[PDB]
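1. Experimental coordinates for this protein are included below, preceded by the sequence.
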Amino acid sequence: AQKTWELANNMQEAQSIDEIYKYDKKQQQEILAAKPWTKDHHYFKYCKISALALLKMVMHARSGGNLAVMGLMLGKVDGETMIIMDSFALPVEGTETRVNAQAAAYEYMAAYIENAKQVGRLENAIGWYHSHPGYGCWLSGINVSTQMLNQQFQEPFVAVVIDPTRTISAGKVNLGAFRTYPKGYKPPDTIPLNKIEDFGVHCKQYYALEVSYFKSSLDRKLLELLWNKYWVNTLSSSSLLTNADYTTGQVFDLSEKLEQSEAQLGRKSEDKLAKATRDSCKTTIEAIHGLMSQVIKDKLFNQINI
Amino acid sequence: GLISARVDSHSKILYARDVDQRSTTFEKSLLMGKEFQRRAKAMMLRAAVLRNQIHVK
Amino acid sequence: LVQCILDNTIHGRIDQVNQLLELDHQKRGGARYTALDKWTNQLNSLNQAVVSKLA
Amino acid sequence: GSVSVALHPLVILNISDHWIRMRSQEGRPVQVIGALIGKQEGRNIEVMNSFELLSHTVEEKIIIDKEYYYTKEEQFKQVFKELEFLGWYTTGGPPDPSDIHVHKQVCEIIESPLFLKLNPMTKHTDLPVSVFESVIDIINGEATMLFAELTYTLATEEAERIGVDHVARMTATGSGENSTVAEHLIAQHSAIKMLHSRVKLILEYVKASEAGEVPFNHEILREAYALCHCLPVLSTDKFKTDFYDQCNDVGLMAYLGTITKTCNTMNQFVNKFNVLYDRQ
Amino acid sequence: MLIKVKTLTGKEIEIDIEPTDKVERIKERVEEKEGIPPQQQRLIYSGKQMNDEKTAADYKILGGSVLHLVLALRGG
Amino acid sequence: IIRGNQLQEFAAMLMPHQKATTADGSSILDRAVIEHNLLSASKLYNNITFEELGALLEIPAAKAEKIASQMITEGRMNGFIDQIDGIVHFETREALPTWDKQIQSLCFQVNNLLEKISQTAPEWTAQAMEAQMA
Amino acid sequence: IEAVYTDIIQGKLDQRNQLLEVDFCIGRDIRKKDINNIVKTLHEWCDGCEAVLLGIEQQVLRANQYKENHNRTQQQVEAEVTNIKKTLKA
């Protein structure tokens, strides 16, 4: 590998994967002083949840069984993205449809944050999460009310809803990050029927962020080196067939976005053509990545022994 | 019209013709690429003739 | 068979020459091709607009 | 091997996150010290969670303060009711003397503490996690204490397994200057390198059996022959046709989208050109 | 006094108050100043919720006082 | 697949009401075993003609097709029948999915073989791993 | 079919194409003249993996160089335009 891969890993220095784990205090102070989310309202669109935070939240949600559980999530912000670096449980007692956090959670919050600041946890609380055991991931009326209350005073705040029952029964995590609109502000204007069917009655009162996950380099190495079923599943992952339907849906809404961009460019100020081009480049890049994986597998397995 | 068929005048049988979806998309996409590149080159020359301010006087 | 097919009750077609009935074990996940057709059509219209913006 | 210890794939993630956080905070790799939590039932110890610990350094010696540990114990007792202290953990290479002093300190808290040790600086294909246990000797004169290694399992629950599978399966993790190719081809490279290591070891064993270092094991060589006979995986004509179909589909999807990027650049150039060469 | 309070999201408020002020007048002052509903407020001192039926006499405080402000939460 | 010669000792112990012919010359016993044989034969075949299907099940050409179409349409077996050329297609693999399955099996054999290597001569395996650096 | 029952081989018969598609078969007995062929096949596979690994590294380096080149040119144009802008601003 010599010079080629010597600086390509450089374990002495944090890689580009571990960049997000560094906390810049000055940048955080500058962004919270500027308050760019006050002018717009659909500002934050992405929620990046760390692997450990997602694992802890999922395990807490499942530990409650059929009873609701809740906790807080630490993190920061960067541009239009809300990054969640950790999560921590609350000592609350709830029923299958109601969790209150009466008097032991509020002392635990402050005491746990004070304890965490002692051992080098520079992040502050960024959100609150609770579980919906068996009725989807959505914001109820009181959930919307408390989200408004948290957002109006503690400005950066995202509500995460988990569903342990569907997570277990489907094999994939069911999670959703949401943000709400101010009281009596922004009433913007087959869709409504399904929208009220899967969301609550307050469909227009809150919006859903796009949830993505990340992990560090050490986490990636430990995970891929944990079991033998992780490199076997990489050499036979077979993309372009596991998620072909997602690709077709992306092409469809790409076509809709291209039509909108064509309509806009013929004559609020968003430059839709650039976003459509970015989406097209992204989906084409996933397609080419899948083809590269197939080519590598063919060269590795088929082209051996005549 | 609405009929998608091919008349066989030898045995006098009207066979129904089904288009191939995969080949149709490849033919149309490649045709669009050929047309688009021709328009791009023509526009590129138009930019040159506009910057140079060339006209018939 | 003709009445059922015209009523969208039976998914198939009749081969009158050989006295056959070919069913419709077809229509797989070919929505990718239709999505690509929409992508090509939008690109065809968008390209013309960009060139003819001003001159 | 003395007691039997089961490990959960959450202590590993906690230790890795702590190490990454400290490395990014202080700029350089730095030893971290935490604490292990789990359930002990007779001879079966199970580690389910962990939390960070606070330590001070005087001269060349590490002292773990007990007030913070007791407050954090009271903290975690409110959430994990039936969970108890089991041991501690550290990051580094082989066990060091400082590890023995810290183990002596921990022994004042609990009678029989465990000792986990992660090695983020490892350069081999086995899990860096190694679990040790204290042993007291009767050596004449001065009395010393030693570490005995342990064999650990990797027991997981349903939700933990789902979360670990979801985290390890996804590979869309890149962010920053590096290209996404540099984030996907590296995962492919690691998988291929693991397969290459396994095949190289198998070939070395086969050659050693041929030479005479290892005894002639008929069954192992028969299975190696069977492995070799399957190497040309599915070289049929139908597979080639399907592969060519896939390649052409990806080529067309790339063409439609290269056209889009070119159209976007065309719009940008036209917009920049109009305001400069405006004919008014 | 030098009362210094923070929210959990890292926000900061500093108020100069007289040591033995009745909490009702403080509530009215914050009502007309900022407008946070008092019934949706929780105050934490040294990991303990401030009991309403108790005056601020036994809380011997002199300089660098830390107060934590938490808003009520609910789920389901 | 159960042949008709190992069931003679089973039909003797059956209760008298279970040995009732269905007015077609075939008893109850050699109707469930026929359906079981057909369902098991769909796990060894990708397609089979009517004549050959009626060679291991008796019921030469007219009843094997009837039973085969009867098992389908009831959610009992997967397949379809092409009556023109007389062939029953049970389950066809799509090439590319088979390629990934065989890759998974190939990697499984690699892991299992190395497991036996480290189980038979552990002292040699450790030396080999360390020597892999050099 | 009887051979499949003993599990020496696995597969599915194909009457239309007159083929037997074998998915797995046991390894028969070995002698001291095919072990060299075992080494040859496995050594060729090891060299195949090395060639793929080398190709992956080269493509990663080339892609990263292209990213750095495009970023440098993008910042070079932005640097030049600001210089001429500041000059006439009093």
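-> Received, thanks. Residues are numbered from 1 along each chain as shown, chains lettered A, B, ... in the order given.

2. Show me the helices in the chain, by range?
-> In the absence of a named chain, chain A is used. A:2-9, A:25-34, A:51-63, A:105-118, A:141-153, A:164-170, A:191-198, A:217-224, A:232-235, A:244-266, A:272-297 (DSSP state H).

3. I was after chain C.
-> C:2-6, C:31-51.

4. Same check on chain E?
-> For chain E, the helices defined by DSSP H occupy E:23-33.

5. Just confirm residue D:179 contacts residue G:64, I think it does.
-> Yes - contact criterion C-beta atoms under 8 Å: residue D:179 and residue G:64 qualify, at 6.1 Å. Every C-beta, even on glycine, is put in place using the N, C-alpha and C of the backbone.

6. Quick check: the gap between the most centrally placed residue in chain E and residue E:55.
-> Among the residues of chain E, the one closest to the centroid is residue E:43, at 4.8 Å (C-alpha atoms, centre = their mean). Residue E:43 sits 14 Å away from residue E:55, taking C-beta to C-beta, to the nearest Å as the criterion.

7. quick one: contacts for the closest residue to chain C within chain E?
-> Chain E approaches chain C most closely through residue E:76 (38.4 Å), counting by C-beta to the nearest C-beta. Going by C-beta atoms under 8 Å, 6 or more residues apart in numbering or on different chains, residue E:76 touches A:68, A:94-95, A:97-99, A:130, A:132, A:140, A:142-143.

8. Looking at those, spot the one nearest residue G:69.
-> residue A:130 (48.5 Å; C-beta to C-beta).

9. In contact with that closest one, which residues are there?
-> With contact set as C-beta under 8 Å, 6+ apart, residue A:130 has these partners: A:68-71, A:99, A:143, A:159-162, E:75-76.

10. ditto for residue B:11
-> Residue B:11 neighbours (C-beta under 8 Å, 6+ apart): none.

11. How much space separates it from chain F?
-> 19 Å (C-beta to the nearest C-beta, to the nearest Å).

12. measure that residue to residue B:18 for me?
-> 20 Å.

13. Can you report how many residues lie near residue G:82?
-> Each residue near residue G:82 was counted by other C-beta atoms under 10 Å in any protein chain shown, and the total is 10.

14. next one: the helix or strand that contains it to chain centre, how far?
-> Counting by DSSP states H and E, the element that carries residue G:82 is helix G:35-87. Averaging C-alpha positions (C-alpha atoms, centre = their mean, to the nearest Å) puts helix G:35-87 15 Å from its chain's average.

15. tell me what it is packed against?
-> helix A:2-9, helix D:181-211, helix D:218-229 (3 or more C-beta pairs under 8 Å, 6 or more residues apart in numbering or on different chains; DSSP states H and E).

16. Could you tell me how far the residue of the stretch 51-200 of chain A found nearest chain E is located from residue D:10?
-> Nearest to chain E in the stretch 51-200 of chain A, going by C-beta to the nearest C-beta, is residue A:130, at a distance of 3.3 Å. From residue A:130 across to residue D:10, the span is 21 Å (C-beta to C-beta).

17. Please apply the same query to residue E:63.
-> For residue E:63 relative to residue D:10 (C-beta to C-beta), the value is 42 Å.

18. Between those two, which is the more surrounded one?
-> residue D:10 (21 against 7).

19. doesn't residue A:59 make contact with the more buried one?
-> Yes - using C-beta under 8 Å, residue D:10 is in contact with residue A:59, at 7.2 Å.

20. and residue D:153, what is it in contact with?
-> Taking C-beta under 8 Å, 6+ apart, one finds D:4-7 in contact with residue D:153.

21. Please report phi then psi for it.
-> phi -100, psi -180 (degrees, to the nearest 10).

22. what is it paired to in the beta sheet?
-> residue D:6 (DSSP bridges).

23. any idea how far it is from residue A:175?
-> For residue D:153, the distance to residue A:175 (C-beta to C-beta) stands at 29 Å.

24. Which positions in chain E make contact with chain G?
-> Contact residues, chain E versus chain G (C-beta under 8 Å from any C-beta of the partner chain): none.

25. Could you count how many residues lie near residue G:37?
-> There are 12 residues near residue G:37, going by other C-beta under 10 Å.

26. Disregarding flanking residues, what is the spatial nearest neighbour of it?
-> Closest residue to residue G:37 apart from its sequence neighbours, by C-beta to C-beta, 6 or more residues apart in numbering or on different chains: residue D:228 at 7.8 Å.

27. residue contacts, the one you found?
-> Neighbour list for residue D:228: A:305, G:37-38, G:41-42 [criterion: C-beta under 8 Å, 6+ apart].

28. Just the buried residues of these.
-> A:305, G:38, G:41-42 (16 or more other C-beta atoms under 10 Å in any protein chain shown).

29. Pick out the most distant pair among the residues you listed.
-> Farthest apart among these - using C-beta to C-beta - are A:305 and G:38, which lie 11.3 Å from each other.

30. Tell me what the closest residue to residue E:41 other than its chain neighbours is bridged to.
-> Closest residue in space to residue E:41, ignoring its immediate chain neighbours: residue E:69 at 6.6 Å, by C-beta to C-beta, 6+ apart. Under DSSP bridges, the beta-bridge partners of residue E:69 are residue E:7, residue E:43.

31. pretty sure residue E:69 is touching residue E:9, no?
-> No - the pair residue E:69 / residue E:9 is not scored as a contact, 10.1 Å apart, by C-beta under 8 Å.

32. Distance check, the residue of the stretch 51-200 of chain A closest to chain E against residue D:258.
-> Where residue D:258 is concerned, residue A:130 sits at a distance of 46 Å (C-beta to C-beta).

33. what does residue C:25 give?
-> 37 Å.

34. The two - which one has more neighbours?
-> Legend: neighbour count by other C-beta under 10 Å for residue C:25 and residue D:258, higher for residue D:258 (14 against 10).

35. next one: phi and psi at the residue most central in space within chain F?
-> The centroid of chain F falls nearest to residue F:43 when counting by C-alpha atoms, centre = their mean (2.4 Å). Backbone torsions of residue F:43, given as degrees, to the nearest 10, read phi -90, psi -10.
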